[PDB]
Amino acid sequence: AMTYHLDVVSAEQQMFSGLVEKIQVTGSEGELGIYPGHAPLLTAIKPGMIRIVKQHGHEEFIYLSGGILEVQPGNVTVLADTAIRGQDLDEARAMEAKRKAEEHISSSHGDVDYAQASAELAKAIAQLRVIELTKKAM
């Protein structure tokens, strides 16, 4: 037994809702997703990109800027707001955002001032990793 059901929706959209084998979430605090035998996590998901291996067929890559998730005895549900797919709409434009974001982090001072924006920058770079992968999945 190694296949479970996971549902992840943001605001008003379906990112992944059905049978799944293993999902890997990469954001910042905890590079873990969900699998058949995960701990009872009832907190907030980390913002970044997530790779989900479908129970059978192919695998998909989703992106979310944060949300709440809950694990159940056989299934797992998660709710977030900013939702994006590896190839949501614009592909090359994802790089423009990074370049424009670099400028904002080029200078500043303080401990949690610009350093906080750094987490926001990496957040936008997470979706750039899934779009590069979709290129080699066709």
# chains A, B, ... in the order shown; residues from 1 in each chain; ligands from 1
>>> residues_around(residues="region 77-81 of chain A", least_positions_apart="5", cutoff="9 Å", atoms="only C-alpha atoms", output="list in words")
residues 5, 6, 7, 8, 9, 10, 11, 12, 17, 44, 45, 64, 65, 66, 67, 68, 69, 70, 71 and 72 of chain A
>>> write_last_selection(atoms="N, CA, C and O atoms", output="PDB file, in the first residue's frame")
ATOM      1  N   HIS A   5      -4.757   9.821  -1.507  1.00  0.00           N
ATOM      2  CA  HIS A   5      -5.485  10.892  -2.259  1.00  0.00           C
ATOM      3  C   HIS A   5      -5.155  12.266  -1.648  1.00  0.00           C
ATOM      4  O   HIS A   5      -5.289  12.475  -0.456  1.00  0.00           O
ATOM      5  N   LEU A   6      -4.726  13.203  -2.455  1.00  0.00           N
ATOM      6  CA  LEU A   6      -4.394  14.559  -1.919  1.00  0.00           C
ATOM      7  C   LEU A   6      -5.152  15.639  -2.705  1.00  0.00           C
ATOM      8  O   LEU A   6      -5.272  15.573  -3.919  1.00  0.00           O
ATOM      9  N   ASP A   7      -5.658  16.628  -2.012  1.00  0.00           N
ATOM     10  CA  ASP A   7      -6.405  17.729  -2.689  1.00  0.00           C
ATOM     11  C   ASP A   7      -5.752  19.080  -2.351  1.00  0.00           C
ATOM     12  O   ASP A   7      -5.641  19.466  -1.195  1.00  0.00           O
ATOM     13  N   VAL A   8      -5.314  19.791  -3.356  1.00  0.00           N
ATOM     14  CA  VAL A   8      -4.661  21.117  -3.123  1.00  0.00           C
ATOM     15  C   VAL A   8      -5.321  22.184  -4.011  1.00  0.00           C
ATOM     16  O   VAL A   8      -5.144  22.214  -5.223  1.00  0.00           O
ATOM     17  N   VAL A   9      -6.084  23.064  -3.413  1.00  0.00           N
ATOM     18  CA  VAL A   9      -6.765  24.140  -4.202  1.00  0.00           C
ATOM     19  C   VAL A   9      -6.397  25.518  -3.640  1.00  0.00           C
ATOM     20  O   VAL A   9      -6.200  25.692  -2.450  1.00  0.00           O
ATOM     21  N   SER A  10      -6.316  26.498  -4.499  1.00  0.00           N
ATOM     22  CA  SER A  10      -5.974  27.883  -4.053  1.00  0.00           C
ATOM     23  C   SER A  10      -7.085  28.841  -4.493  1.00  0.00           C
ATOM     24  O   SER A  10      -7.425  28.900  -5.660  1.00  0.00           O
ATOM     25  N   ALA A  11      -7.655  29.576  -3.566  1.00  0.00           N
ATOM     26  CA  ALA A  11      -8.764  30.531  -3.905  1.00  0.00           C
ATOM     27  C   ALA A  11      -9.866  29.793  -4.700  1.00  0.00           C
ATOM     28  O   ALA A  11     -10.704  29.128  -4.119  1.00  0.00           O
ATOM     29  N   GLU A  12      -9.868  29.889  -6.012  1.00  0.00           N
ATOM     30  CA  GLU A  12     -10.914  29.184  -6.825  1.00  0.00           C
ATOM     31  C   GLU A  12     -10.254  28.415  -7.990  1.00  0.00           C
ATOM     32  O   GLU A  12     -10.427  28.750  -9.149  1.00  0.00           O
ATOM     33  N   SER A  17      -6.172  17.187  -7.408  1.00  0.00           N
ATOM     34  CA  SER A  17      -7.267  16.605  -6.566  1.00  0.00           C
ATOM     35  C   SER A  17      -7.590  15.173  -7.030  1.00  0.00           C
ATOM     36  O   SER A  17      -8.413  14.961  -7.907  1.00  0.00           O
ATOM     37  N   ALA A  44       0.992  25.544   8.389  1.00  0.00           N
ATOM     38  CA  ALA A  44       0.964  26.252   7.076  1.00  0.00           C
ATOM     39  C   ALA A  44       2.006  25.667   6.108  1.00  0.00           C
ATOM     40  O   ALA A  44       3.162  25.449   6.458  1.00  0.00           O
ATOM     41  N   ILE A  45       1.603  25.453   4.882  1.00  0.00           N
ATOM     42  CA  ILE A  45       2.536  24.927   3.843  1.00  0.00           C
ATOM     43  C   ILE A  45       3.561  26.022   3.509  1.00  0.00           C
ATOM     44  O   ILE A  45       3.297  27.202   3.657  1.00  0.00           O
ATOM     45  N   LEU A  64       2.879  27.533  -5.200  1.00  0.00           N
ATOM     46  CA  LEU A  64       1.920  28.266  -4.314  1.00  0.00           C
ATOM     47  C   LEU A  64       2.711  29.187  -3.372  1.00  0.00           C
ATOM     48  O   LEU A  64       3.782  28.839  -2.901  1.00  0.00           O
ATOM     49  N   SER A  65       2.203  30.364  -3.104  1.00  0.00           N
ATOM     50  CA  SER A  65       2.935  31.322  -2.208  1.00  0.00           C
ATOM     51  C   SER A  65       2.482  31.162  -0.741  1.00  0.00           C
ATOM     52  O   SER A  65       2.410  32.127   0.000  1.00  0.00           O
ATOM     53  N   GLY A  66       2.206  29.951  -0.308  1.00  0.00           N
ATOM     54  CA  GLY A  66       1.784  29.730   1.120  1.00  0.00           C
ATOM     55  C   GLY A  66       0.327  29.244   1.202  1.00  0.00           C
ATOM     56  O   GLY A  66      -0.473  29.486   0.318  1.00  0.00           O
ATOM     57  N   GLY A  67      -0.014  28.565   2.274  1.00  0.00           N
ATOM     58  CA  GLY A  67      -1.419  28.053   2.454  1.00  0.00           C
ATOM     59  C   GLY A  67      -1.480  27.074   3.639  1.00  0.00           C
ATOM     60  O   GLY A  67      -0.468  26.688   4.188  1.00  0.00           O
ATOM     61  N   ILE A  68      -2.660  26.662   4.029  1.00  0.00           N
ATOM     62  CA  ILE A  68      -2.792  25.695   5.175  1.00  0.00           C
ATOM     63  C   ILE A  68      -2.983  24.269   4.629  1.00  0.00           C
ATOM     64  O   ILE A  68      -3.645  24.064   3.628  1.00  0.00           O
ATOM     65  N   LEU A  69      -2.414  23.282   5.281  1.00  0.00           N
ATOM     66  CA  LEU A  69      -2.569  21.870   4.798  1.00  0.00           C
ATOM     67  C   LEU A  69      -2.853  20.926   5.981  1.00  0.00           C
ATOM     68  O   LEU A  69      -2.416  21.151   7.099  1.00  0.00           O
ATOM     69  N   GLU A  70      -3.595  19.875   5.729  1.00  0.00           N
ATOM     70  CA  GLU A  70      -3.941  18.898   6.808  1.00  0.00           C
ATOM     71  C   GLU A  70      -3.789  17.455   6.288  1.00  0.00           C
ATOM     72  O   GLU A  70      -4.182  17.135   5.177  1.00  0.00           O
ATOM     73  N   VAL A  71      -3.226  16.579   7.084  1.00  0.00           N
ATOM     74  CA  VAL A  71      -3.057  15.156   6.640  1.00  0.00           C
ATOM     75  C   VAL A  71      -4.139  14.273   7.285  1.00  0.00           C
ATOM     76  O   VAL A  71      -4.470  14.420   8.450  1.00  0.00           O
ATOM     77  N   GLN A  72      -4.688  13.360   6.530  1.00  0.00           N
ATOM     78  CA  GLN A  72      -5.753  12.453   7.065  1.00  0.00           C
ATOM     79  C   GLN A  72      -5.315  10.981   6.893  1.00  0.00           C
ATOM     80  O   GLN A  72      -4.317  10.703   6.247  1.00  0.00           O
TER      81      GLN A  72
END
>>> residues_around(residues="residue 53 (chain A)", least_positions_apart="2", cutoff="9 Å", atoms="only C-alpha atoms", output="MDAnalysis selection string")
chainID A and resid 20:24 51 55:61
>>> closest_residue(among="A:32, A:49, A:41, A:1", to="residue 132 (chain A)", atoms="only C-alpha atoms")
A:49
>>> select_by_dssp(residues="chain A", states="strand (DSSP E)", output="number ranges by chain")
A: 4-10, 14-26, 42-45, 48-54, 59-64, 67-71, 75-80, 83-85
>>> residues_around(residues="residue 126 (chain A)", least_positions_apart="3", cutoff="7 Å", atoms="only C-alpha atoms", output="PyMOL selection string")
chain A and resi 48-49+122-123+129
>>> write_last_selection(atoms="N, CA, C and O atoms", output="JSON list (two decimals), in the first residue's frame")
[["chain", "number", "residue", "atom", "x", "y", "z"],
["A", 48, "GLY", "N", 6.51, 28.12, -2.40],
["A", 48, "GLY", "CA", 7.58, 27.68, -3.35],
["A", 48, "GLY", "C", 6.99, 26.78, -4.44],
["A", 48, "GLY", "O", 5.86, 26.96, -4.85],
["A", 49, "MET", "N", 7.74, 25.82, -4.91],
["A", 49, "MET", "CA", 7.23, 24.90, -5.98],
["A", 49, "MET", "C", 7.08, 23.47, -5.43],
["A", 49, "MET", "O", 7.83, 23.05, -4.56],
["A", 122, "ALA", "N", 13.02, 34.83, -3.70],
["A", 122, "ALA", "CA", 13.15, 33.35, -3.89],
["A", 122, "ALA", "C", 11.77, 32.74, -4.19],
["A", 122, "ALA", "O", 11.63, 31.83, -4.98],
["A", 123, "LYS", "N", 10.74, 33.26, -3.55],
["A", 123, "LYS", "CA", 9.35, 32.75, -3.77],
["A", 123, "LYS", "C", 8.99, 32.81, -5.26],
["A", 123, "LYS", "O", 8.49, 31.87, -5.84],
["A", 129, "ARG", "N", 11.59, 27.31, -11.56],
["A", 129, "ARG", "CA", 12.20, 25.94, -11.58],
["A", 129, "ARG", "C", 11.25, 24.93, -12.24],
["A", 129, "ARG", "O", 11.67, 24.06, -12.98]]
>>> residues_around(residues="region 84-97 of chain A", least_positions_apart="2", cutoff="6 Å", atoms="only C-alpha atoms", output="number ranges by chain")
A: 61-63, 99-101, 128, 130-131
>>> residues_around(residues="residue 36 (chain A)", least_positions_apart="6", cutoff="7 Å", atoms="only C-alpha atoms", output="VMD selection string")
chain A and resid 2 to 4
>>> closest_residue(among="A:111, A:74, A:119, A:133", to="residue 46 (chain A)", atoms="only C-alpha atoms")
A:119
>>> atom_distance(atom1="CA of residue 43 (chain A)", atom2="CA of residue 134 (chain A)")
29.4 Å
>>> select_by_dssp(residues="region 25-101 of chain A", states="helix (DSSP H, G or I)", output="list in words")
residues 93, 94, 95, 96, 97, 98, 99, 100 and 101 of chain A
>>> write_last_selection(atoms="C-alpha atoms", output="PDB file, in the first residue's frame")
ATOM      1  CA  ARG A  93       8.429  36.246 -18.654  1.00  0.00           C
ATOM      2  CA  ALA A  94       9.184  34.318 -15.413  1.00  0.00           C
ATOM      3  CA  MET A  95      12.864  35.379 -15.913  1.00  0.00           C
ATOM      4  CA  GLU A  96      11.878  39.099 -16.327  1.00  0.00           C
ATOM      5  CA  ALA A  97      10.274  39.073 -12.830  1.00  0.00           C
ATOM      6  CA  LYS A  98      13.539  37.680 -11.331  1.00  0.00           C
ATOM      7  CA  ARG A  99      15.654  40.364 -13.079  1.00  0.00           C
ATOM      8  CA  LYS A 100      13.262  43.102 -11.848  1.00  0.00           C
ATOM      9  CA  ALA A 101      13.245  41.515  -8.356  1.00  0.00           C
TER      10      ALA A 101
END
>>> residues_around(residues="residue 106 (chain A)", least_positions_apart="3", cutoff="12 Å", atoms="only C-alpha atoms", output="ChimeraX atom specification")
/A:99-103,109,114-115,117-118,121
>>> atom_distance(atom1="CA of residue 50 (chain A)", atom2="CA of residue 26 (chain A)")
5.8 Å
